[PDB]
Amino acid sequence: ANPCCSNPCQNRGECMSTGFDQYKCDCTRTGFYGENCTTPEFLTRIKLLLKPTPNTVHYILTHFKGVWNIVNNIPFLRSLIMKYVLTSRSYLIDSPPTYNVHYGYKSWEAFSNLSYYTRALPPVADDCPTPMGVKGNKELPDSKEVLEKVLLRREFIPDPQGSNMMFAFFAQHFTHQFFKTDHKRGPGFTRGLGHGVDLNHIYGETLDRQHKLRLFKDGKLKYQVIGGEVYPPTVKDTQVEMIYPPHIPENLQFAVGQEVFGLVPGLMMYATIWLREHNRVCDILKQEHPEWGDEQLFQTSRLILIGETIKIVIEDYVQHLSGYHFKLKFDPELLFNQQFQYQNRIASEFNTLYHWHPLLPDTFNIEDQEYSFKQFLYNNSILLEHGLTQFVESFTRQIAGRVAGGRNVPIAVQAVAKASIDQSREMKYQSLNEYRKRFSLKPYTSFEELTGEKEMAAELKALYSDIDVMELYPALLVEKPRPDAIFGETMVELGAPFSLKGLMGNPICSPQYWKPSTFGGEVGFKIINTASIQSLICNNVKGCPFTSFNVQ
């Protein structure tokens, strides 16, 4: 029906219907011309000839350890490299944002309505003959069948990069401030109207929730002491709404910024660590500024914790994941002479990509115990039983699962993996290869090239028939990993642009914010710039246990 149903325009040109059965491609500033924007300009021919592939770049970034060690110790050179990482990535993102689940064309409603997730690729039009457009059968393969044959875990496959449970729960804690799907509206809708790293999962999404969590003395958050240890306050004491099963004793209904963080003790672990960190910074700021009131202490601490988070995410968390020998760097000043939009809108595809449930082990090993999912979920007495110190030590030792490579989703959350398939289709996602072309990646020509093996590929070929109809979400979890890596190419090359845009797009990174007085002076500024996952745990967890994002 829709003459744009076949995605005819290439190289990021836009398709517009010019009639019932005709189309036009807008090749403006794509570097290409022609009916579908496939004829390259002369300069585009040069750039294409000289541009290395992501797999070639990945090889260089993870080898030549001696060379990278020299680069890392020459600040001019390390700064120059990190700068090209930041800019060349963010060019892949439309900012200001464009499409969403309901708009395949730009509109003021799509731009201005913050309740939507944005979309990197427009949805497939409702009256297209097939789910992916024109290709494939009239209906996609049964999602339960896709789930069982290539996604569910047989044997636990550990991450060859050594990610531990401190990493897995940090990723879950960190991402759930901007992945907050509004199920009352639909999967393409979010309740995180800040659309980035605003730390609403600590401070609350609304002002009313924030004030219920605050102590209103010295800028601090409310807390309680249990067995000599600082823990978050209760729902009874604060009246903030939290999601808990009906049988949870009210002394165990912990109240934090994010309403679902009582779901898992691993989320509650980091919520306690970051609550402690907020009040620790309040003590630091109060000593520096005896003349300050409660309000300014709270607000300045929040700005500092936002900075710490971005620092830890880039220099520890992304550093770990990447496996690069090059040392990534959080330095907003690198973009001050660059074109860059200090804004962000969370993409649905970013949300989809971040479903890293293969990380989860089959049991959670704390001290000498091994807890099943049923024993673990919604049970914060485990946290009080063992304490934060034992949690950190145990989760630093416990290995997490490999995400790519196939067949590593634990069956305990199989309903979540099926809904990811079902809701991706409900949201009319374009095909895997459409998203690969959208991010300058060469389309896969067979299922065997996608997986790098034969068994899962053949099962996928029987299900999907055509590689161009393969879906984005299952492909990320079955993709051939990089050599001994946690992810395949598609995960890294689609996800890294969304990730750094979210981190660097924050207002505190802009030149009028990135100065010591924003953070209460050089003392507050230095907390941001010296932050690490190790110092986060050391300053706030009794005994200063060693921690890391990888097993040692």
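Don't overthink the numbering: it's just position in the shown sequence, from 1. Think of the rigid core as the biggest set of C-alphas that the two forms share within 1.5 Å after superposition.
Undergrad: Quick one: core-superposed, which stretch strays further from the shown model in 6 other deposited structures of this protein, 307-315 or 81-89? Go by RMS C-alpha distance.
TA: Greater root mean square C-alpha distance in 6 other deposited structures of this protein: 81-89.
Undergrad: With respect to the recorded C-alpha B factors, which stretch has the higher mean value, 27-35 or 522-530?
TA: It is 27-35 that shows the higher mean C-alpha B-factor.
Undergrad: Quick check: 540-548 versus 14-22, which has the larger average CA B-factor in the record?
TA: Per the deposited B-factors, the answer is 14-22.
Undergrad: Could you say which of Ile486, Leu49, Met504, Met491 has its CA atom at the highest B factor, as listed in the PDB entry?
TA: Of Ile486, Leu49, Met504, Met491, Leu49 has the highest C-alpha B-factor.
Undergrad: Could you tell me which one of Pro265, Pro75, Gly257, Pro160 shows the highest CA temperature factor in the PDB record?
TA: So the option with the highest C-alpha B-factor is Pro75.
Undergrad: How does the C-alpha B factor of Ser465 compare with the rest of the chain: lowest, middle or highest third?
TA: It belongs to the highest third of the chain when residues are ordered by C-alpha B-factor.
Undergrad: Rank-wise, by C-alpha B-factor, drop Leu500 into the lowest, middle or highest third of its chain.
TA: Tercile = middle for this residue's CA B-factor.
Undergrad: Using only modelled residues of the chain, where does the Cα B factor of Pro511 rank: lowest third, middle third or highest third?
TA: For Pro511, whose C-alpha B-factor we compare with every modelled residue in the chain, the answer is the lowest third.
Undergrad: What third of the chain does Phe447 rank in for C-alpha temperature factor, lowest, middle or highest?
TA: Its C-alpha B-factor belongs to the middle third of this chain's values.
Undergrad: Relative to the other modelled residues in the chain, which third contains the C-alpha temperature factor of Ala110: lowest, middle or highest?
TA: Lowest third.
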